[PDB]
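Chemist: This is the structure, below, for whatever I ask next.
Bear in mind these aren't lab numbers, they're just calculated from the coordinates by the rules spelled out. Don't worry about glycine lacking a Cβ; one is built from the backbone with ideal geometry, like all the others, and counts go over all protein chains shown.
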Ligand SMILES: NC(=O)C1=CN([C@@H]2O[C@H](COP(=O)(O)OP(=O)(O)OC[C@H]3O[C@@H](n4cnc5c(N)ncnc54)[C@H](OP(=O)(O)O)[C@@H]3O)[C@@H](O)[C@H]2O)C=CC1
Ligand code: SF4
Ligand code: SF4
Ligand code: FES
Ligand SMILES: [K+]
Ligand SMILES: [Zn+2]
């Protein structure tokens, strides 16, 4: 956020351009930069595009969904946000997105596969194509966002493709490409917290045992802003994670009390809060819905990843290398699960869980 | 060449091709004012990335059209009177002195008046 | 006609001792309704933090000497109280009220154009 | 008279905060002050008096 | 009381007839209202319908007095008088204001001939560079001073947003008296060309853009490389340099253990012949206003036609209303007023002091002696500054409690301000030392000053010229129209420029650049804002915090300053090229 | 006279702490305007070339009938001001 | 509706009783430029009008030139 995201009013890109900034940093100001955010209509793109457009950075947002892009225009002043209809199977549209940008941010990536795109097409084929198209267009900075457990030799088809995608981005764009490895991100409408906030979660006895180091999505969006506007971060890999380690079983049980579903001794068990299932059934059901359901459900690869915990690459850089302190999930967990609290609505008295109260609740959850 | 597209000149040095979208106007190649931004530089923007340049508004340059009008000549007089050739729908009426041996344009229309006795010198 | 709920008639206080009592009574009302503010406006902070915020605003005007300024400050503090309790303020305005808050060096400001 | 005609703050919707927030004022086109063309001369004169004769002070008579 | 032909600075005319009660020439109602209507219609009988296309539109005296004192119901060829005045004589109301200025004040092609645009009440004569570009209601008016000459003429700067549109004189009956030179008004277009907007770092024979964090770091790696010793750090101040930056640079070099500070001038004698020890030795002690009461003026090595055009017109004005006799010593020149030439060296000046000139100056009630700014750059400065000073001290009328008869006339604004803050080294031991680190604080007169091949040269300024070419690191600065600066004229009056527009690009205030560079070089100055900067000014000279105030020197102290002092070519080769702002002007090129 | 009327005016603190006003007689009235911002006074809009600004006092020009009124009002608001002598 | 040519746009709105194919020689507009086929509103297409500043930057930066130091 801040009031002006730059250390100076003059910035010479590594491509040779000199970009001046005007204004004090409001909506009417400009930074002189043109950025392209691939995957801007997604969960993280809306955070990133909003932070760039609010300070006057011209953002090119290539879209495939016409309805999802409309809310992005509100973030910036007139002419700041620009849309290009595109497809990763179309090369002319990809070049048009990066033709004028000085920064290219790649947020395109899926944990699923569909009738049209496999995990290899998106996490590798798209990332490689975008990196090469960026280089031929003279883009000074490339930022590629992989996952937290990226590994070219992983048993998970998502972790493997994310790890290989890191390699191909550097092999095309060159050694100066920056790589970000966010942990599971929590925010409003967060894919990480949405599965924990769902009631009828089938096979949670297997799925919810994975441990992670969740990180605030606003900080990940803030960190990417720091990286793009500081050329000392080129060629670097950043592992953005929170200080504390949680298992999805803990958060699932901590959320239950905040939602007050446990007010009744019978209701959570009757409503389907716990849905134990043998892993072969979880495999078959995930496999079956992969060719019957039209919406991306819990697939086979996510079942495998439920066993693999998050491993922090120690050779990579952290939030402290960017001069930022990670946020604590304890200080943000309530306000992001607040919409899901059942009665609330100033009935008698709200139970606002402070940061101290969340940690007290965590011990009670872990007490048998 | 990029020089006839980004510099202001009295007359174009080459033939204006009206299908060339880099020209300042469909009938003129170079800008007709010193502070006028060249049309080639204007269209090199993020907002023109996926737009059709042919359909953008391109009015004809008035500087080229006004000077294709023939010089008006006055017989047996030294003052030319012009009022926009429209009366109440033209411009304010002005009187143009013709003492000098040159064609003096109107302050509003740009029509260049002259004396008939000075015709040969001006045509040279 | 009748006044709205929690409305006080405007009066110009001419006694500093009487003014001090009126300020202390109003300060108590802010503290008592602090839990109500958290309920109505759905704040993400405990009522204990709300009471702390109230004290800071009262501590800002602790050392105001002039009596005419005291009456205008008191009158404006009463209007704000009537606004909060009756839920006239929209929730966005109260949320931003708690969003409020190290200065850079000379060179740091010089590099970015200063202020 | 000392309050500026555009105020000090403006509102907008913040996508991260999911709500409308106030921010310090910035204008894409600043207000232009054509008022500086105030006449260097005065237009209206001193006017004409219309006070009723019943309310004007009497004048002393000349010397006998 | 309406008028078209009345102006107290000119002779009396009765060819407009708008002042009827002609009250202008005459010494000391419905008919008068009808008379004003009748006269107004006569002027509008032949006037062309040009108001939409006429530059006087919103500021026309004929329009305003047709509205105020007229009814609401009712072909001359143009000429060329230069590329500065656009002439449309159809609109002339035949008021003869141009004739009175061009023949009585101007004395004419002139350095003041552009002032006729102000006097012409209608659009007959208008500024040509300004033509068609703005309307008077669009413009923001800013009251500042001129820095194109040492006079400090009070000008009015009309800006339309970022751009500066035109420069107009503003009233001051102590310096300029409603007049400015053609340089003072037609050089404003140089502020839009060749501007320093980005820090440039020299890498070989090229310059590339740079950030402020790098350009102040390359100097540090350049200052710690050449490693200048005590008096090897040379700091140079140019013509257009503000006072707040001279003091900041003076203290920066001192904290690096140096005193080798100077100007861009080429005075052979390192301590200037007038000396900066006493204020009265180098200022117009008689003040510009008291030139009116002059009896005998001795011009010594000065050319008021080019050194100070506005003040030159004051001399001609007195020459007409009285029997003033002015005796000039030095190189001959074309003059707007009668001058008795004596000689072209100092032998004549000494011989003139032994002739009829000295006898008149002895018995003159209010004598005057004017020494040129180029005299100090000539070899016989010691001869002149001792010949005149001995004459000043030996006689009584020149130094009296009520009158001070010694005045030094400079040409560059930064001179007197630099002298008052003691920004001139008083030793040839310091001056002759070789330089390793050179800081060009807006100095472009370096065709004569040594620049070692290995010396680290930094140019800070607001224009790109020869001085910026020699630099190793270029720091962009702000012109006078863009900074709230302080300038002291030749008479010792402190005047502060008011900021009208922001500097272009990423340029900064000139003194804030030096203070920021200090923190990078371990010589961190104590300054944090302009108020703290101006408090330091009072610690170098107590009078500098007294705007628009001349602090007259005490009679007794000024006597010692006069005592201790014991071919005159014109310094200006080209009038249109004096400062960097004039050189970039396209209009001045047309004048050339 | 000495009341800190800026405490109950509602104006932001920058008028007292940062901005500087000017009192001047331009030719029969006394006016009060504010010195421009060093940065942010103007900057060209990249879209249509409009003159942008973050100075909310740029168009405000108070008028007074006497020199005493201008000085008294500025002090009453706690303004940092300098008088431009005529 | 934007597909209707401006000549007949006025006639359809009962602006005039003379259709633009019955105009008198004097009342017919005289143009000094070629007249192409009528183009309707181009919004939602790639031909939509893109605004821009038609003026140059108000100040030109100094083009750096290097000279040898004597
Ligand atoms: N907890 C988290 O969210 C984590 C995120 N990541 C990675 O961060 C990045 C941001 O994802 P996030 O915003 O959180 O959630 P999303 O699932 O919405 O990210 C996917 C984005 O990339 C686009 N996308 C996916 N496939 C395609 C395709 N074939 N063609 C075009 N666009 C495609 C999507 O476009 P559209 O919106 O139109 O569908 C969307 O914008 C992802 O790459 C993700 O792998 C990794 C670790 C943790
Ligand atoms: S001089 Fe005055 S009256 Fe004449 S055309 Fe110009 S504005 Fe109109
Ligand atoms: S040209 Fe202008 S100044 Fe000269 S007489 Fe005519 S109106 Fe007066
Ligand atoms: S002002 Fe007296 S006649 Fe012109
Ligand atoms: K004029
Ligand atoms: Zn005409």
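Chemist: Check whether at least one residue in region E:88-100 is buried (at least 17 other Cβ atoms within 10 Å of the Cβ), within 16 Å of ligand 6 (Cβ to nearest atom), part of a loop (DSSP other than H, G, I, E, B) and within 13 Å of chain B (Cβ to nearest Cβ), and report yes or no.
Modeler: Yes, because at least one residue in region E:88-100 is buried (at least 17 other Cβ atoms within 10 Å of the Cβ), within 16 Å of ligand 6 (Cβ to nearest atom), part of a loop (DSSP other than H, G, I, E, B) and within 13 Å of chain B (Cβ to nearest Cβ).
Chemist: Return the residue satisfying two criteria in turn: it lies in region E:42-62 and is closer than 22 Å to residue B:81 by Cα and more than 14 Å from chain B (Cβ to nearest Cβ), and of such residues it is nearest to ligand 6 (Cβ to nearest atom).
Modeler: For region E:42-62, the residue satisfying everything is E:43.
For every residue, the table says whether it meets (1) surrounded by 12 or more Cβ atoms within 10 Å (Cβ to Cβ); (2) under 20 Å from residue E:76 (Cβ atoms); (3) within 16 Å of ligand 2 (Cβ to nearest atom).
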site	(1), (2), (3)
B:62	yes, no, no
B:74	yes, yes, no
B:89	no, no, no
B:98	yes, yes, no
B:103	yes, yes, no
B:107	yes, yes, yes
B:119	yes, no, no
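Chemist: Now for a different question. State whether one or more residues within region E:170-184 are in contact with a helix residue (DSSP H, G or I) (Cβ under 8 Å, 6 or more places away or on another chain), within 10 Å of another protein chain (Cβ to nearest Cβ) and closer than 30 Å to residue D:34 by Cα.
Modeler: no
Chemist: Among the numbered criteria (1) within 12 Å of another protein chain (Cβ to nearest Cβ); (2) part of a loop (DSSP other than H, G, I, E, B); (3) surrounded by fewer than 21 Cβ atoms within 10 Å (Cβ to Cβ); (4) over 21 Å from the mean Cα position of the chain (by Cα), which one does residue E:131 miss?
Modeler: (1)
Chemist: How many residues, within region G:19-70, are surrounded by 12 or more Cβ atoms within 10 Å (Cβ to Cβ), more than 20 Å from the chain's Cα centre (by Cα) and in a loop (DSSP other than H, G, I, E, B)?
Modeler: Number of matching residues: 13.
Chemist: Collect the residues in region A:154-205 that are more than 26 Å from residue A:329 (Cβ to Cβ), part of a loop (DSSP other than H, G, I, E, B) and touching a strand residue (DSSP E or B) at 6+ places or on another chain (Cβ under 6 Å), keeping them in residue-number order.
Modeler: Within region A:154-205, A:177 is the sole residue that qualifies.
Chemist: For region F:13-23, name all the residues that are away from chain C (no Cβ under 13 Å) and surrounded by fewer than 18 Cβ atoms within 10 Å (Cβ to Cβ). First the steps, then the outcome.
Modeler: Pass one, region F:13-23, residues away from chain C (no Cβ under 13 Å): F:15-16, F:20-23.
The answer is F:16, F:20, F:22.
Chemist: Right, here's the next one. Just checking, which of E:411, E:498 is out of contact with any helix residue (DSSP H, G or I) (no Cβ under 9 Å at 6 or more places or on another chain), assigned to a loop (DSSP other than H, G, I, E, B), under 30 Å from residue E:290 (Cα atoms) and away from every other protein chain (no Cβ under 11 Å)? Give the steps one after another, and end with the answer.
Modeler: Working: E:498 fails: away from every other protein chain (no Cβ under 11 Å).
Of the residues listed, the single one that is out of contact with any helix residue (DSSP H, G or I) (no Cβ under 9 Å at 6 or more places or on another chain), assigned to a loop (DSSP other than H, G, I, E, B), under 30 Å from residue E:290 (Cα atoms) and away from every other protein chain (no Cβ under 11 Å) is E:411.
Chemist: Suppose we keep only residues that are in contact with a strand residue (DSSP E or B) (Cβ under 9 Å, 6 or more places away or on another chain) and crowded, with 18+ Cβ neighbours inside 10 Å within region E:45-86. Which one would you say is nearest to residue E:186 (Cα to Cα)?
Modeler: The qualifying residue nearest to residue E:186 (Cα to Cα) is E:84.
Chemist: Say whether the condition of being surrounded by fewer than 16 Cβ atoms within 10 Å (Cβ to Cβ) and either more than 14 Å from chain G (Cβ to nearest Cβ) or within 30 Å of residue C:61 (Cβ to Cβ) (or both) is met by at least one residue in region F:33-42. Explain how you work it out, then say what you get.
Modeler: Taking region F:33-42 as the starting set, the residues that turn out to be surrounded by fewer than 16 Cβ atoms within 10 Å (Cβ to Cβ) are none.
No, because not a single residue in region F:33-42 is surrounded by fewer than 16 Cβ atoms within 10 Å (Cβ to Cβ) and either more than 14 Å from chain G (Cβ to nearest Cβ) or within 30 Å of residue C:61 (Cβ to Cβ) (or both).
Chemist: Here's a follow-up. Being under 30 Å from residue E:192 (Cα atoms) and either more than 16 Å from ligand 6 (Cβ to nearest atom) or not in a loop (DSSP other than H, G, I, E, B) (or both) narrows it down to one residue among E:74, E:82, E:107, E:70; which is it?
Modeler: Numbers: E:74 fails: under 30 Å from residue E:192 (Cα atoms); E:107 fails: under 30 Å from residue E:192 (Cα atoms); E:70 fails: under 30 Å from residue E:192 (Cα atoms).
Going through E:74, E:82, E:107, E:70 in turn, the sole match is E:82.
Chemist: Separate question: Do you know which residues across region E:70-97 are more than 14 Å from ligand 2 (Cβ to nearest atom), within 21 Å of residue E:19 (Cβ to Cβ) and in contact with a helix residue (DSSP H, G or I) (Cβ under 8 Å, 6 or more places away or on another chain)?
Modeler: E:71
Chemist: In the list A:47, A:59, A:37, A:80, which residue meets the criterion of being surrounded by 18 or more Cβ atoms within 10 Å (Cβ to Cβ), more than 16 Å from ligand 4 (Cβ to nearest atom) and facing another protein chain (nearest Cβ under 7 Å)? Give the derivation first.
Modeler: Details: A:59 fails: facing another protein chain (nearest Cβ under 7 Å); A:37 fails: facing another protein chain (nearest Cβ under 7 Å); A:80 fails: facing another protein chain (nearest Cβ under 7 Å).
Of the residues listed, the single one that is surrounded by 18 or more Cβ atoms within 10 Å (Cβ to Cβ), more than 16 Å from ligand 4 (Cβ to nearest atom) and facing another protein chain (nearest Cβ under 7 Å) is A:47.
Chemist: Identify, please: which residue in region C:79-115 is more than 14 Å from chain D (Cβ to nearest Cβ) and within 13 Å of the chain's Cα centre (by Cα) and is, among those, surrounded by the most Cβ atoms within 10 Å (Cβ to Cβ)?
Modeler: Start the filter on region C:79-115 by keeping residues that are more than 14 Å from chain D (Cβ to nearest Cβ), which leaves C:79-88, C:101-114.
When the remaining residues are screened for being within 13 Å of the chain's Cα centre (by Cα), the result is C:79-85.
Details: C:79: 13, C:80: 14, C:81: 16, C:82: 15, C:83: 14, C:84: 21, C:85: 17.
Among those residues, the one meeting the criterion is C:84.
Chemist: Got a sec? Which of D:36, D:21, D:40 is in contact with a helix residue (DSSP H, G or I) (Cβ under 9 Å, 6 or more places away or on another chain) and more than 14 Å from chain E (Cβ to nearest Cβ)? Step through it out loud before you land on a result.
Modeler: Details: D:36 fails: more than 14 Å from chain E (Cβ to nearest Cβ); D:40 fails: more than 14 Å from chain E (Cβ to nearest Cβ).
From the options D:36, D:21, D:40, the qualifying one is D:21.
Chemist: For region F:57-75, state whether one or more residues are within 14 Å of chain G (Cβ to nearest Cβ), under 29 Å from residue D:29 (Cβ atoms) and part of a loop (DSSP other than H, G, I, E, B). Explain how you work it out, then say what you get.
Modeler: Taking region F:57-75 first, the residues within 14 Å of chain G (Cβ to nearest Cβ) are none.
No - not one qualifying residue is present in region F:57-75.
Chemist: Another one. Give the number of residues within region A:342-354 that are buried (at least 16 other Cβ atoms within 10 Å of the Cβ) and more than 8 Å from chain C (Cβ to nearest Cβ).
Modeler: 1
Chemist: Are there any pairs with C-beta distances below 8 angstrom linking a residue in region E:16-36 that is more than 20 Å from residue E:96 (Cβ to Cβ) to a residue that is within 6 Å of ligand 4 (Cβ to nearest atom), with the two at least 6 apart or on different chains, and if so which?
Modeler: E:36/E:18
Chemist: Can you spot a residue in region B:13-28 that is assigned to a loop (DSSP other than H, G, I, E, B), touching a strand residue (DSSP E or B) at 6+ places or on another chain (Cβ under 8 Å) and either surrounded by 13 or more Cβ atoms within 10 Å (Cβ to Cβ) or at the interface with another protein chain (Cβ under 9 Å from one of its Cβ atoms) (or both)? Full working, then the answer.
Modeler: The initial filter retains those residues of region B:13-28 that are assigned to a loop (DSSP other than H, G, I, E, B), namely B:13-28.
After this cut, where a residue has to be touching a strand residue (DSSP E or B) at 6+ places or on another chain (Cβ under 8 Å) as well, the list is B:24.
Next cut, either surrounded by 13 or more Cβ atoms within 10 Å (Cβ to Cβ) or at the interface with another protein chain (Cβ under 9 Å from one of its Cβ atoms) (or both) only: B:24.
Yes: one or more hits.
Chemist: Any chance you could count how many residues in region A:123-153 are in a helix (DSSP H, G or I) and either surrounded by fewer than 21 Cβ atoms within 10 Å (Cβ to Cβ) or in contact with a helix residue (DSSP H, G or I) (Cβ under 8 Å, 6 or more places away or on another chain) (or both)? So that I can check it myself, show each step before the final result.
Modeler: Here is the first cut: in region A:123-153, the residues in a helix (DSSP H, G or I) are A:123-136.
Retained after the next criterion (residues that are either surrounded by fewer than 21 Cβ atoms within 10 Å (Cβ to Cβ) or in contact with a helix residue (DSSP H, G or I) (Cβ under 8 Å, 6 or more places away or on another chain) (or both)): A:123-125, A:127-136.
Of the residues in that region, 13 qualify.
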